[PDB]
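Have a look at query-v7.pdb; it's PDB, C-alpha atoms:
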```pdb
ATOM      1  CA  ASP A   1      -5.103   3.399   7.819  1.00  0.00           C
ATOM      2  CA  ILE A   2      -2.403   2.129  10.224  1.00  0.00           C
ATOM      3  CA  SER A   3      -2.214   5.633  11.580  1.00  0.00           C
ATOM      4  CA  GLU A   4      -4.947   8.139  10.985  1.00  0.00           C
ATOM      5  CA  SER A   5      -4.171  11.426   9.341  1.00  0.00           C
ATOM      6  CA  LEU A   6      -7.193  12.182   7.162  1.00  0.00           C
ATOM      7  CA  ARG A   7      -8.102  10.497   3.832  1.00  0.00           C
ATOM      8  CA  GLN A   8      -4.848   8.515   3.943  1.00  0.00           C
ATOM      9  CA  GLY A   9      -5.371   7.892   7.600  1.00  0.00           C
ATOM     10  CA  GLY A  10      -8.487   6.081   6.762  1.00  0.00           C
ATOM     11  CA  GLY A  11      -9.526   5.636   3.242  1.00  0.00           C
ATOM     12  CA  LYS A  12      -7.201   5.056   0.338  1.00  0.00           C
ATOM     13  CA  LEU A  13      -3.399   4.575   0.064  1.00  0.00           C
ATOM     14  CA  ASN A  14      -1.165   6.506  -2.270  1.00  0.00           C
ATOM     15  CA  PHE A  15       2.605   7.007  -2.605  1.00  0.00           C
ATOM     16  CA  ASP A  16       2.392  10.762  -2.565  1.00  0.00           C
ATOM     17  CA  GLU A  17      -0.747  10.630  -0.503  1.00  0.00           C
ATOM     18  CA  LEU A  18       0.802   8.013   1.877  1.00  0.00           C
ATOM     19  CA  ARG A  19       3.031  10.845   2.912  1.00  0.00           C
ATOM     20  CA  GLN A  20      -0.006  12.450   4.337  1.00  0.00           C
ATOM     21  CA  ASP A  21      -0.146   9.767   6.894  1.00  0.00           C
ATOM     22  CA  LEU A  22       3.477   9.529   7.644  1.00  0.00           C
ATOM     23  CA  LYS A  23       4.498  13.114   6.725  1.00  0.00           C
ATOM     24  CA  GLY A  24       8.005  13.527   8.055  1.00  0.00           C
ATOM     25  CA  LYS A  25       8.878   9.896   7.646  1.00  0.00           C
ATOM     26  CA  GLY A  26      11.718   8.951   5.404  1.00  0.00           C
ATOM     27  CA  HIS A  27      14.723  10.849   4.194  1.00  0.00           C
ATOM     28  CA  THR A  28      14.251  10.413   0.536  1.00  0.00           C
ATOM     29  CA  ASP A  29      11.106   9.315  -1.285  1.00  0.00           C
ATOM     30  CA  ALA A  30      13.122   6.747  -3.250  1.00  0.00           C
ATOM     31  CA  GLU A  31      13.470   4.713   0.004  1.00  0.00           C
ATOM     32  CA  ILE A  32       9.689   4.563   0.332  1.00  0.00           C
ATOM     33  CA  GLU A  33       9.433   3.985  -3.398  1.00  0.00           C
ATOM     34  CA  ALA A  34      11.703   0.979  -2.938  1.00  0.00           C
ATOM     35  CA  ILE A  35       9.652  -0.607  -0.151  1.00  0.00           C
ATOM     36  CA  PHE A  36       6.197  -0.247  -1.853  1.00  0.00           C
ATOM     37  CA  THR A  37       7.370  -2.010  -4.970  1.00  0.00           C
ATOM     38  CA  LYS A  38       7.509  -5.375  -3.222  1.00  0.00           C
ATOM     39  CA  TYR A  39       5.625  -4.742   0.038  1.00  0.00           C
ATOM     40  CA  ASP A  40       2.504  -2.715  -0.994  1.00  0.00           C
ATOM     41  CA  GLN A  41      -0.803  -4.638  -1.282  1.00  0.00           C
ATOM     42  CA  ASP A  42      -0.968  -4.025  -5.012  1.00  0.00           C
ATOM     43  CA  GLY A  43       2.661  -2.976  -5.305  1.00  0.00           C
ATOM     44  CA  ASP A  44       1.452   0.374  -6.524  1.00  0.00           C
ATOM     45  CA  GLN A  45       0.953   2.972  -3.729  1.00  0.00           C
ATOM     46  CA  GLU A  46      -1.101   5.887  -5.251  1.00  0.00           C
ATOM     47  CA  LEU A  47      -4.286   3.914  -5.134  1.00  0.00           C
ATOM     48  CA  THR A  48      -7.615   5.391  -4.620  1.00  0.00           C
ATOM     49  CA  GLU A  49     -10.875   3.647  -3.644  1.00  0.00           C
ATOM     50  CA  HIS A  50      -9.798   0.057  -4.663  1.00  0.00           C
ATOM     51  CA  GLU A  51      -8.496  -0.594  -1.209  1.00  0.00           C
ATOM     52  CA  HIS A  52     -11.206   1.533   0.263  1.00  0.00           C
ATOM     53  CA  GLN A  53     -13.991  -0.655  -1.135  1.00  0.00           C
ATOM     54  CA  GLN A  54     -12.534  -3.703   0.647  1.00  0.00           C
ATOM     55  CA  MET A  55     -12.468  -1.694   3.969  1.00  0.00           C
ATOM     56  CA  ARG A  56     -10.173  -4.398   5.290  1.00  0.00           C
ATOM     57  CA  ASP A  57      -6.473  -4.740   4.422  1.00  0.00           C
ATOM     58  CA  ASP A  58      -6.147  -7.842   2.334  1.00  0.00           C
ATOM     59  CA  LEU A  59      -2.308  -7.551   2.325  1.00  0.00           C
ATOM     60  CA  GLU A  60      -2.074  -8.592   5.965  1.00  0.00           C
ATOM     61  CA  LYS A  61      -4.078 -11.724   5.158  1.00  0.00           C
ATOM     62  CA  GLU A  62      -2.015 -14.227   3.264  1.00  0.00           C
ATOM     63  CA  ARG A  63      -4.999 -16.418   2.405  1.00  0.00           C
ATOM     64  CA  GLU A  64      -3.552 -17.416  -0.939  1.00  0.00           C
ATOM     65  CA  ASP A  65      -0.505 -19.629  -1.201  1.00  0.00           C
ATOM     66  CA  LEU A  66       2.405 -17.932  -2.847  1.00  0.00           C
ATOM     67  CA  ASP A  67       3.715 -20.652  -5.124  1.00  0.00           C
ATOM     68  CA  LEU A  68       7.230 -21.074  -6.457  1.00  0.00           C
ATOM     69  CA  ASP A  69       6.218 -20.553 -10.091  1.00  0.00           C
ATOM     70  CA  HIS A  70       3.770 -17.812 -10.988  1.00  0.00           C
ATOM     71  CA  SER A  71       3.714 -18.501 -14.743  1.00  0.00           C
ATOM     72  CA  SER A  72       5.441 -15.396 -16.132  1.00  0.00           C
ATOM     73  CA  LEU A  73       6.216 -12.777 -13.452  1.00  0.00           C
TER
END
```
Can you give me the file's structure in the form of structure tokens?
Amino acid sequence: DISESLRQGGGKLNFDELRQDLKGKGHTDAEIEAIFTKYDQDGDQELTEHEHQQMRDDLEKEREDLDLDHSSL
């Protein structure tokens, strides 16, 4: 979605499919694997249609207040 390849370029975001968008980016996949864990919208990356149905990236919008305590984890 940030760049436009094809389905990944505008549609759904996946780890392995994210590569489609940024194919050639990264040295090792583990580096990308590391970043998605905290910084992906759902912290998943390999997501199909959930993100797509929103049409708008809800990650960018920090509408909800991230509290200190979030109950468990």
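When the distance limit is 12 Å and all atoms listed in the file are what count, the residues near residue 9 in chain A, minus those fewer than 6 positions from it on the same chain, are residues 1, 2, 3, 17, 18, 19, 20, 21, 22, 23 and 52 of chain A.
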Please, what distance in Å, to one decimal, runs between CA of residue 10 in chain A and CA of residue 66 in chain A? 28.1 Å
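Residues captured in this structure file are residues 1, 4, 5, 6, 7, 8, 9, 10, 12, 13, 48, 49, 50, 51, 52, 53 and 55 of chain A, according to the PyMOL selection byres ((chain A and resi 11) around 10).
Counting from CA of residue 30 in chain A, the distance to CA of residue 62 in chain A is 26.7 Å.
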Coordinates of box centre and edge lengths for range 8-19 of chain A, 6 Å on every side, axis-aligned, as lines of an AutoDock Vina configuration file:
```
center_x = -3.2
center_y = 7.7
center_z = 2.5
size_x = 24.6
size_y = 18.3
size_z = 22.2
```
Between A:41, A:29, A:46, A:36, single out the one closest to residue 60 in chain A, counting only C-alpha atoms. A:41
Just the number, please: distance in Å from CA of residue 58 in chain A to CA of residue 28 in chain A, one decimal. 27.4 Å
Which is closer to residue 40 in chain A than all the others in A:56, A:64, A:25, A:14, using only C-alpha atoms? A:14
So which one's closest to residue 31 in chain A, A:15, A:59, A:47, A:65? Using all atoms listed in the file, please. A:15
Kindly complete range 32-49 of chain A to N, CA and C atoms; the output should be written as a CSV table (one decimal), in the frame of the given file.
```csv
chain,number,residue,atom,x,y,z
A,32,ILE,N,11.1,5.0,0.2
A,32,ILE,CA,9.7,4.6,0.3
A,32,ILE,C,9.2,3.9,-1.0
A,33,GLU,N,9.7,4.5,-2.1
A,33,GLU,CA,9.4,4.0,-3.4
A,33,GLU,C,10.0,2.5,-3.5
A,34,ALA,N,11.1,2.3,-2.9
A,34,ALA,CA,11.7,1.0,-2.9
A,34,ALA,C,10.9,0.0,-2.2
A,35,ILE,N,10.4,0.3,-1.0
A,35,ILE,CA,9.7,-0.6,-0.2
A,35,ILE,C,8.3,-1.0,-0.8
A,36,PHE,N,7.5,0.0,-1.3
A,36,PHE,CA,6.2,-0.2,-1.9
A,36,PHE,C,6.2,-1.2,-3.0
A,37,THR,N,7.3,-1.2,-3.8
A,37,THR,CA,7.4,-2.0,-5.0
A,37,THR,C,7.1,-3.5,-4.6
A,38,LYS,N,7.8,-4.0,-3.6
A,38,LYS,CA,7.5,-5.4,-3.2
A,38,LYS,C,6.4,-5.5,-2.1
A,39,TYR,N,6.4,-4.6,-1.2
A,39,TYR,CA,5.6,-4.7,0.0
A,39,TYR,C,4.2,-4.1,0.1
A,40,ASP,N,3.9,-3.3,-1.0
A,40,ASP,CA,2.5,-2.7,-1.0
A,40,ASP,C,1.5,-3.8,-1.4
A,41,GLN,N,0.2,-3.6,-1.0
A,41,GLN,CA,-0.8,-4.6,-1.3
A,41,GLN,C,-0.9,-4.9,-2.8
A,42,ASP,N,-0.9,-3.8,-3.6
A,42,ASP,CA,-1.0,-4.0,-5.0
A,42,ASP,C,0.4,-3.8,-5.6
A,43,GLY,N,1.3,-3.3,-4.8
A,43,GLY,CA,2.7,-3.0,-5.3
A,43,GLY,C,2.6,-1.7,-6.1
A,44,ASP,N,1.7,-0.8,-5.8
A,44,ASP,CA,1.5,0.4,-6.5
A,44,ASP,C,1.7,1.6,-5.7
A,45,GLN,N,0.9,1.8,-4.6
A,45,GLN,CA,1.0,3.0,-3.7
A,45,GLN,C,0.8,4.3,-4.6
A,46,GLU,N,-0.5,4.7,-4.5
A,46,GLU,CA,-1.1,5.9,-5.3
A,46,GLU,C,-2.5,5.4,-5.7
A,47,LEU,N,-3.1,4.6,-4.9
A,47,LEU,CA,-4.3,3.9,-5.1
A,47,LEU,C,-5.4,4.6,-4.4
A,48,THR,N,-6.5,4.8,-5.1
A,48,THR,CA,-7.6,5.4,-4.6
A,48,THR,C,-8.8,4.5,-4.8
A,49,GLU,N,-9.6,4.3,-3.7
A,49,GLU,CA,-10.9,3.6,-3.6
A,49,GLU,C,-10.9,2.1,-3.9
```
